[PDB]
């Protein structure tokens, strides 16, 4: 996979944000993870939702460098959102959330699963430490 620079425009929630990519603003959704809902009335404001939003926000707003890394399959979902692994100063936001118990590994659609094993390994650690979502 190849990392590419992006510029933070606006953090939305734990797993969705707006970035300036290749000159154009675009919304991104983190690959292989799911942070709790804070919008959509059908899901409601789920537990740890606000926590996940704050974690992501802090991490991306304080970063000197943000990079996007598309996987090997489709790069956007049905809603026109870019699907990527996002790095804040070299640290993957996707993994950071999972390791903290702020997100679950989900939506594993191949072949967009290059980092699946890595994220699962972190999820198991968060689980055995009964962190947040796993408490």
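Residue numbers count along the first chain shown, from 1.
Higher mean CA temperature factor, per the PDB entry, when comparing 92 to 100 with 44 to 52: 44 to 52. The residue among 71, 34, 61, 67 whose C-alpha carries the highest B-factor in the deposited model is 61. Among all modelled residues in its chain, residue 39 ranks in the highest third by Cα B-factor.
Remark: residue 105 belongs to the middle third of its chain, ranked by C-alpha B-factor as recorded. Among all modelled residues in its chain, residue 8 ranks in the lowest third by Cα B-factor. Among all modelled residues in its chain, residue 120 ranks in the middle third by Cα B-factor. Among all modelled residues in its chain, residue 16 ranks in the lowest third by Cα B-factor.
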